[PDB]
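> Make a model of this:
(chains A, B, C, D, E, F, G, H and I)
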Amino acid sequence: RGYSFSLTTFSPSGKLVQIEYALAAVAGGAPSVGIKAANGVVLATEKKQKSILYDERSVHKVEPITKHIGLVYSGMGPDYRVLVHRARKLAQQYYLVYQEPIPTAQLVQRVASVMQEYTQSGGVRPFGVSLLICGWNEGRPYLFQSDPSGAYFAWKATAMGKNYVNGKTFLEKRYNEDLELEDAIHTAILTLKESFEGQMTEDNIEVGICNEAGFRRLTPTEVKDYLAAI
Amino acid sequence: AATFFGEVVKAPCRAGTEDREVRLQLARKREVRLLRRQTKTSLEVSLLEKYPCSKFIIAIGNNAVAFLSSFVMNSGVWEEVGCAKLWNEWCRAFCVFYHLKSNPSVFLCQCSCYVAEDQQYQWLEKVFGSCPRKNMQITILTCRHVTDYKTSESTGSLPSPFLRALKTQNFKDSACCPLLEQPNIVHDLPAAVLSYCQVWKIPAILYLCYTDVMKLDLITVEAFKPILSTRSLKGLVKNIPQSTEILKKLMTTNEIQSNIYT
Amino acid sequence: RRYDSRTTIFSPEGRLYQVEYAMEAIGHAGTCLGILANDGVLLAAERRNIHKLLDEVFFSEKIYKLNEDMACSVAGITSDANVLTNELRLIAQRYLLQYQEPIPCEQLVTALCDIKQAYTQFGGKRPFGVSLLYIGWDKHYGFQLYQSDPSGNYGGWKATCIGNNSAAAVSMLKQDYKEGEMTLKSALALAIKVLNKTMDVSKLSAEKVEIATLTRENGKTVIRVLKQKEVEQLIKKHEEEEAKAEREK
Amino acid sequence: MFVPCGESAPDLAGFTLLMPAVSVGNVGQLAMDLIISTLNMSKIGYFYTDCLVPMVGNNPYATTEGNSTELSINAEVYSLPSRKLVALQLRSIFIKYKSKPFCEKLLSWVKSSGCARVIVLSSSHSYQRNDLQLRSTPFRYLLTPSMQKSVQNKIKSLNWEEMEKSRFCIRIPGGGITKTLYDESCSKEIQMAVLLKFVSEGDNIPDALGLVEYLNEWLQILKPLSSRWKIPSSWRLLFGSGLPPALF
Amino acid sequence: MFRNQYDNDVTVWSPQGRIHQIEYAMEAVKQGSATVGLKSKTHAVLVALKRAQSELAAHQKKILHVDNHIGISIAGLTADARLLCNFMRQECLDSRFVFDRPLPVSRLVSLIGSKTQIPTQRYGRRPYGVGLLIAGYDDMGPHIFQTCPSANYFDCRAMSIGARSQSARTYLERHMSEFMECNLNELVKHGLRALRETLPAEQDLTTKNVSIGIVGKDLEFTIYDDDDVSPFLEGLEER
Amino acid sequence: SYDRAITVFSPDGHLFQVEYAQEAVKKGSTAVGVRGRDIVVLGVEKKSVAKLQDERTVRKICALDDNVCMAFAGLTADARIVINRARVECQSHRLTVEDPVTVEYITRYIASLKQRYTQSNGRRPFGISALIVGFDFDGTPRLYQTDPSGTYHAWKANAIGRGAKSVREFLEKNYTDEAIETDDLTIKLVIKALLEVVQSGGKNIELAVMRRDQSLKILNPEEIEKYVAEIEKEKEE
Amino acid sequence: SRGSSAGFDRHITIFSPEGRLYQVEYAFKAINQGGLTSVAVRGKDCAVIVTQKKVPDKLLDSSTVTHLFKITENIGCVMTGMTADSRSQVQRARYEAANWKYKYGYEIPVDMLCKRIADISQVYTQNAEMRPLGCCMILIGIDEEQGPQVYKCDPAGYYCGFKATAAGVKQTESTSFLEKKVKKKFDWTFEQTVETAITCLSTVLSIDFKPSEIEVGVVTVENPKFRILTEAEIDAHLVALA
Amino acid sequence: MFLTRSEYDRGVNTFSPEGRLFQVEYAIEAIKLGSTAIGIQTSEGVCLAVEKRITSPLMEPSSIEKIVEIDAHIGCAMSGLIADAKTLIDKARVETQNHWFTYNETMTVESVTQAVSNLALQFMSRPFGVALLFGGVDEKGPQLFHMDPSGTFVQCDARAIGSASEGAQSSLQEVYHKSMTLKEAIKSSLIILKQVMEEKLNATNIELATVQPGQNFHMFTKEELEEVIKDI
Amino acid sequence: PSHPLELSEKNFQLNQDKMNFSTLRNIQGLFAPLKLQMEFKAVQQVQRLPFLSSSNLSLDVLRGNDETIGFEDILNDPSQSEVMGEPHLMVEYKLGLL
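Numbering: from 1, shown residues only, chains lettered A, B, ... in the order given. This is the structure:
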């Protein structure tokens, strides 16, 4: 208990507890999934503003970084906004220096490097977010995840947020490698529906896709059509 | 108590809350020993068990020691019977016991050192022992700073120095000063001696001087004068002007001071 | 304990408990192994990111190339390991720019260890919980192998191990290592045997082990990562040799 | 040991024992003062040891001009024979390496004299609380397995909450000698109950005023709630002396 | 017992609306020797008492020189007194150099108070632990001022600070109605008589433990000590 | 208490953290230095010689300049910084003044560097102690010691690390004007001093020798064995 | 400086075992210290903000008590919470709007101003020196290509756009009432929006209002400038409503 | 009426209820663990005497570590933590050299004294643990100064510092007079140090220097000391 | 010096801060620059050791440079510096000990 308050203190067994608590904060957010298909990547999430008093075109959880990169989060929105701005600035700097769009892996590495700094100094607090990043480079798709501690992994399909162990279990047996984009969208929506705790509508979920044409956020009409289809 | 920016700190607590050789050596270094200087050997029995006693006068602090030296020990023959050796962070200072030659049942103590909390009960065991005698009267003298007093007014408006007293149940006499007020308490060695006397049914009285100057000062020493008329020291004071001259001579000699204050 | 709240406090017996805890943090990571031979150096590691839904990108997950002559392997916290490897690459390039000649391995290790030591002396900072192994070749001493600690200490070895079951691996290597008469094939066989006896798996598989080799050919240093076919062949050879040895009793 | 004030020790033929623990905030000691002042108990003896720092003072419970000049020490015993109750008060702090011998001596005296049960009032640190404890009642209790079944049934009826266990051992940070007393009572088959409260240092009179009501919910030594407690005369200057002039 | 948590820093209020570190700092003034200051219609006098000590091992200076018309006396810590004296000297020198003219005593005291207030509010500092008596002469008549560790200053007709200065203050208040209509000698005699009240009955003022500072119409600030105080002490009564 | 901060004084005038920094020194390997008539000798105990270890990278004797060498006891990582700083400062002073640096000058620089780190609560002291030995420009041998607190002294023979008490007790009675007559006698005296606390024969001894107008030389294991055999033969005789 | 305080709910940069920020959560309870409630409703071509006016002392000058502020010539505001914190945040918003105009050459939009304020507020929750402000901001304005706007930001650094929102003590009841009304209908004229807001406040507080107990501020497509209604106009609306 | 715990001595910027700085007091107590030093100012010079306290016979006594030369006319003495005085000595030397180079005359002792004091009053975050005895001669004449860890200087005529300072001060009080001679001052210093020191007096256990208006700063050698010791 | 633009380019943030502070003090009062300076110092007091490259996220958010790219961001990358000193010397220099 004496080592549970300080960020720069190692436990006698060699553990950092505040990073575990930040991960616990991440694990209590809204669910989100991501599936990498044979020709695209799909990101889905559940909205927070589930009311009629919400202006639709005010705040979004699925955002673009470049024409071929987009991301979704699970955790604290205020921490997500500043990271999004920094990622956009880094991508623009890379394009200015090299006259070429940034690859997804380089952007993920730079963002993780930014995130790592807030876990080694006193008087600050770690970020309470985890990011899912999708991209298209050299004619093949990518999908990455980033922890509050500054570590990143590459996935074929993953889930995070509230009730994510059962979501990963569902994805394990419902996933096929040689899978198209439409069936990937169906699988993502079904995984989100597994633990929705309510009745889904085209006005409380967000979907974004990435393919050869670039990243794009789906309109509510298409989401309603997909929901009716399944 | 933060050493760097953003350090997590804990509040202080006002209620407290192989390596055996290290513990044993430390305990042996802070042990109270009673010695006989004329023979450089310890005593196998308690001091008050060896000799009969009828009166006992204890002075703690430099001012009370100076007062007793000037006004009591100036006349008569006093023989040293032992001394105590102590070590702590605040004491390297002596603790010497005498008794009157004409009346061998009258004792006197001159304690000018500091006894820590873990050495007070050892002191009591070495001096008194475990065979109390109820036909014995004890008088204790000490001094305290005026800022320790608690009052509804400001401590700067109190006319100091002044005297206060505390008595046990068997002390049938009356003090020469008002008794100490309620919310005020006394701790350390005089409290230990008074507690011993109260528990074991021995008459005793404690005299407290609250002064604004805690070093060797003439006004603080002379604040003890009213006790000279009490039954405890009535037959032990002979020449007052000689005592005043000795007090002036002693006062015109003091240790060198530092440059902190001016 | 009242002497283990920060790195800038000494215990009455003269110990640094925060540094000790940081060194203790290394025991949770995977196993990494290194062997020095007469004509090459070896590096073998254990894969921990094993999962059906994980993707395979990059060339390796625990072995990095620092310059044309050196490579390293890390065990500990990945976020700190990334910073350390980037700094190592920067230092090597700086020396190359300064002197128009490649940096020696001991110089690179000392340069990184100074940085690692600087974080255990100034307050308000958390020491790196990473241990590293270095292999390389230089014109002064030839093939070399080093190790590093979170406290900033390093040393030169002929065979060593960091991570899980490090003590058992070290004991086995000490018992069954020959000095002065080792080749790459024998080193690979010894590494396979040690990894099999170290990893707590009944049957070893080629999808949870990665091996890298450094050697010199025609005045050039060659660093390559072994293929799954070669790893499977080595494992099969070790298994059949063990069966033969058991049967001939 | 118990030194009687008079000549013969009183007969404490299994009455009760109410004692505090020197813990954070002195909440147990303040509650003991409240109980002793309210019930108008009378002193019967002394508990003389060598484990507490010595201190003296006049009577802390003074009502007239004839009983205000009675000397007091750091450990005293009060009794009320009509209700069969015994009270102990500690007014000082412990010396290093002197708590366990004190607990052993006290429990030996409790066994030797002969008492039905022992009740301890204590407190614990408030900042060492997890999320579930932050939204719950700040009062906890603890019972020795030797306790009578009727007490357990009554406490179950009262709808109280028990102190949580940690990996399993009992830990009471900032509780002083509470854990030692509980362990020794468990190992020596003595009926003991512990009541505590999460507090912080500062002005802690309301904490004691809450703890006394918590105890009264069970013992019911006073008319049930639906002031009641007498503040002792020594609670006069709890912040110090007066304000110096030429400042405000 | 409930003050332990609110009396360790100067930037913490107590539940009673008090700051105890300032009062503790004010308590440090009473650890120095007594000083007496008084003024007449044409003169200002400072009188100080030197500590009972062997002159071989220490020569302490209780009266200092700031300018040609300003002098101070100190009681408390010595480092703070040195810092304040340096600040006042630098301010007076800058004022003269920029606009050659005597610096007003009121403005000097205002600057001192403004400087002293800051550490009582900032964190990481402590209040100054020295009290000053300031005697000056400008184109407004003589002035006597008193300064406090609480960053307060007062305008006085006669004041005494230090250890056991209550008797001196009582004497000054009793004899305060006959100070303007006096010459230098009688004013110095009154100051010495007031200072003598802070001693036991038997001792007397000798030419070994007294210092005198005088400023007036055309007399610049001068300090008298050792055998220079004999003319002032040779006309006093017994007691 | 009074030992949880670097800059807190004990009620009797003690800085306990700086004293704790010396307990780390008292746990290192023994190092012995002896100043001869025209030679200076250093010696360090070798502890825990691993089988698969390279001895080139774990040496505890270093050369600061052409005429100054040093040995240390304490934390191993802390000594490297001080050694590098002293090495740079020697060349800086050689640029400043053409003449070669002085042993006392470099000792004072090291002492000031060590003392700089005992002034603030934001940094911790260096837990090492050193034996600086060398030759001056005129040709007078010198020997010095440095403490973690920043104090230095001049000696004729000294020892640091564990066993320093027994080694110094031996040296106080075995150091005369006859035992330092020749280089061989000085080396034998150093080996005898080391052998008091070192078991397992003379296989755990590292020796360094410096002469006038020459560079630091490290003795070979064969030479060490020859000296040990000579000492044993003389003792048996 | 002082240093952090041990505990899971006593410092801003310390997580709890469930990953919560109790110091941030405690700043949401300072909004209820004042005891007032605010309501903002967006119409077809107008936006209205209505708050509560309470002057307990008869020696106060009622002209100096207000909670409606003017940030820009076309942007209005209403503050709920601590008075000094609200005033300081209003000053900061004015400074940020001036900076935006100087840097970009045209007036700042409502959503951009709210985003900038939220970005500033987010920094206070990650550093161990500053503390969050105990107040919430609601802004209204007219967009030249989108229409009326209603925005709100929180002490945690979170902002969003609404059709009708509320803040203060009776926020939940106001939200339920507004949800029912918006579900029934959403296309309102200028007179229906102010009546809806006043009826919401009256129904939730169970009180009959006098023209000296409420404050009203409006913007309109025809007149984009922020305007504060007078007692005569408020009384006329109340009479029409009754 | 309870007994509780309160601490006021763990910070350098904390006042006790009676107005005391316990950290500074402890720093002053820390200089009681050093060797004894004696300085006497006469009408024709100042004599500074210290003891070396050689712990072990292997230590080289030829080292000079207790008396330091500041300039051609200023001496010094030390007691306590010797490592703490290096910055003060360096600043004094730099200041006196700069002033001499600029003005083309030697500064008085008081100027360098104030310059040194201006550096010690900066609590490095802790007080110094050393005590100094500045001595020298100027146009005004020989004069002696004393400093404490409090960071302030005073002028004196006969001062003794170190562990055994009380007895030395008592002897200096019962001896010494205003109009005396440098030779007998040196002698009396030798006798007083002889009684103060626990062991015997030799030519290497102590070291002393002197400054007089005639010559520059001079430190006694072994040959000069032997005659004085034999003169006893 | 060598070029008219060298000194101007070296001191640009300082001059911009001075201009903003002067305008803010003239328009609003003394409190706003005080608060801005205290926030700047507080957010700037936490960062990596000087021999490693930092990011300055909170400081950039406070200053407003989180949506702007200048020539200091694309020319002469400070992260990939070609020269660097010793760690202890750099840390000591930052503290003013040198």
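> Got phi/psi on the residue nearest to residue C:18 when sequence neighbours are not counted?
Closest residue to residue C:18 in three dimensions, ignoring its sequence neighbours and counting by C-beta to C-beta, 6 or more residues apart in numbering or on different chains: residue C:7, at 4.4 Å. The C-beta positions use only the backbone N, C-alpha and C, and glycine is treated the same way. Main-chain torsions, residue C:7, degrees, to the nearest 10: phi -80, psi -10.
> and if you look at the one 10 residues further on?
Here is the backbone geometry of residue C:17 (degrees, to the nearest 10): phi -70, psi -30.
> The residue lying closest to it once chain neighbours are set aside: neighbouring residues, count only.
Spatially, and ignoring its direct neighbours in sequence, residue C:17 is nearest to residue C:4 (3.6 Å; C-beta to C-beta, 6+ apart). Neighbours of residue C:4 under the rule other C-beta atoms under 10 Å in any protein chain shown: 20.
> which SS class is residue C:4?
Put simply, residue C:4 is coil when judged by DSSP: H, G, I helix; E, B strand; the rest coil.
> hang on, the earlier thing: please report how far the residue nearest to residue C:18 lies from residue C:163.
Going from residue C:7 to residue C:163 by C-beta to C-beta, to the nearest Å gives 24 Å.
> Might you enumerate the residues of chain A proximal to chain G?
Counting by C-beta under 8 Å from any C-beta of the partner chain, chain A comes close to chain G at A:4-5, A:7, A:18, A:21-28, A:49, A:51-55, A:58-59, A:77-79, A:81-82, A:118, A:122-126, A:128.
> Isn't the residue nearest to residue C:18 up against residue C:20?
No: in this structure residue C:7 lies outside contact range of residue C:20 using C-beta atoms under 8 Å: 10.6 Å.
> how far is stretch E:40-57 from where the chain is centred?
10 Å (C-alpha atoms, centre = their mean, to the nearest Å).
> buried set for it?
For stretch E:40-57, burial by neighbour count (16 or more other C-beta atoms under 10 Å in any protein chain shown) applies to E:40, E:42-50, E:54, E:56-57.
> contacts with chain H among those residues, please.
The residues of the buried residues of stretch E:40-57 that also fall near chain H, by C-beta under 8 Å from any C-beta, are E:54, E:56-57.
> before we move on, back to that, out of residue C:7 and residue C:20, which sits in the more crowded spot?
The neighbour count for residue C:7 versus residue C:20, taken as other C-beta under 10 Å, is higher for residue C:7 (24 against 17).
> so who does the more buried one touch?
Residue C:7 sits next to C:16, C:18-19, C:120-121, C:123, C:125, C:127, F:124 when contact means C-beta atoms under 8 Å, 6 or more residues apart in numbering or on different chains.
> and with 10 Å instead?
A:8-10, C:16-19, C:21-22, C:119-127, F:124 (C-beta atoms under 10 Å, 6 or more residues apart in numbering or on different chains).
> so how far is chain I from it?
From residue C:7 across to chain I, the span is 13 Å (C-beta to the nearest C-beta, to the nearest Å).
> try residue D:68
Applying C-beta to the nearest C-beta, the value for residue D:68 to chain I is 56 Å.
> In which helix or strand does the nearest residue to that residue once chain neighbours are set aside reside?
Spatial nearest neighbour of residue D:68, chain neighbours left out: residue D:62 (3.8 Å); criterion: C-beta to C-beta, 6+ apart. Residue D:62 belongs to no helix or strand when assigned by DSSP states H and E.
> and residue D:62, backbone torsions?
Main-chain dihedrals, residue D:62, degrees, to the nearest 10: phi -120, psi 130.
> Isn't it up against residue D:233?
Yes: taking C-beta atoms under 10 Å as the definition, residue D:62 is a contact partner of residue D:233 at 5.0 Å.
> Relative to chain F, which residue of the stretch 101-250 of chain B is the closest?
Closest residue of the stretch 101-250 of chain B to chain F, C-beta to the nearest C-beta: residue B:114 (10.8 Å).
> For that residue, grab the count of nearby residues.
Residue B:114 has 17 nearby residues by other C-beta under 10 Å.
> and what of residue B:85?
Close neighbours of residue B:85, defined as other C-beta under 10 Å, add up to 15.
> for the one 3 residues further on, same thing?
When neighbours are counted by other C-beta under 10 Å, residue B:88 registers 17.
> again, but for residue E:59
So residue E:59, with other C-beta under 10 Å, has 15 neighbours.
> now the strands for chain H?
H:37-41, H:46-51, H:74-75, H:78-80, H:130-136, H:143-147, H:153-156, H:158-161, H:206-211, H:218-219 (DSSP state E).
> typo on my end, chain D
So, for chain D - with DSSP E - the strands run D:2-4, D:17-20, D:42-47, D:55-56, D:75-80, D:85-90, D:118-121, D:124-125, D:139-143, D:192-199.
> looking at these, which is closest to chain G?
Of all the strands of chain D, strand D:124-125 sits nearest to chain G, with 9.3 Å by C-beta to the nearest C-beta.
> what helices or strands is the closest one leaning on?
strand D:192-199 (3 or more C-beta pairs under 10 Å, 6 or more residues apart in numbering or on different chains; DSSP states H and E).
> Could you report the distance from the residue nearest the centre of chain H to chain G?
For chain H, the residue nearest the mean C-alpha position is residue H:133 (2.7 Å; C-alpha atoms, centre = their mean). Residue H:133 sits 40 Å away from chain G, taking C-beta to the nearest C-beta as the criterion.
> give me the number of residues near residue G:242?
If you count neighbours by other C-beta under 10 Å, residue G:242 ends up with 8.
> Next, the contact list for it, please.
By C-beta under 10 Å, 6+ apart, the neighbours of residue G:242 are G:202, G:208-209.
> Out of the residues you listed, who's the most crowded?
Ranked by neighbour count (other C-beta under 10 Å), these have residue G:209 at the top, with 19 neighbours.
> and the helix or strand hosting residue G:204, how far out from the chain's middle?
Assigning secondary structure by DSSP H and E places residue G:204 in helix G:190-205. Relative to its parent chain, helix G:190-205 has a centroid offset of 16 Å by C-alpha atoms, centre = their mean.
> same thing with stretch E:206-218?
Put simply, stretch E:206-218 sits 13 Å off its chain's centre (C-alpha atoms, centre = their mean).
> Equivalent analysis for stretch E:26-42, please.
Relative to the centre of its chain, stretch E:26-42 is centred 4 Å away, using C-alpha atoms, centre = their mean.
> If you count neighbours, what's buried in it?
Applying 16+ other C-beta under 10 Å to stretch E:26-42 flags E:26-40, E:42 as buried.
> Grab the CA positions of whichever strand or helix holds residue E:45 and hand them over as CSV.
For residue E:45, the host element (DSSP H and E) is strand E:44-49. Provided in CSV are the C-alpha atoms of strand E:44-49 (Å, rounded to 0.1, in the frame of the first residue of the first chain):
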residue,chain,number,x,y,z
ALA,E,44,16.8,61.9,18.4
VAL,E,45,18.7,59.5,20.7
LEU,E,46,19.3,55.8,20.6
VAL,E,47,20.6,54.0,23.7
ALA,E,48,21.5,50.3,23.7
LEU,E,49,22.7,47.8,26.4
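> what are the pairing partners of it, and which direction each?
The strands beside strand E:44-49 in its sheet (DSSP bridges) come out as strand E:35-39 (antiparallel), strand E:210-215 (antiparallel).
> Let's verify the one residue sitting closest to the centre of chain G: helix, strand, or coil?
For chain G, the residue whose C-alpha lies nearest the mean C-alpha position (C-alpha atoms, centre = their mean) is residue G:138; its distance is 2.7 Å. Going by three-state DSSP, the secondary structure assigned to residue G:138 is strand.
> Can you give me the distance of it to chain A?
Distance from residue G:138 to chain A, by C-beta to the nearest C-beta: 13 Å.
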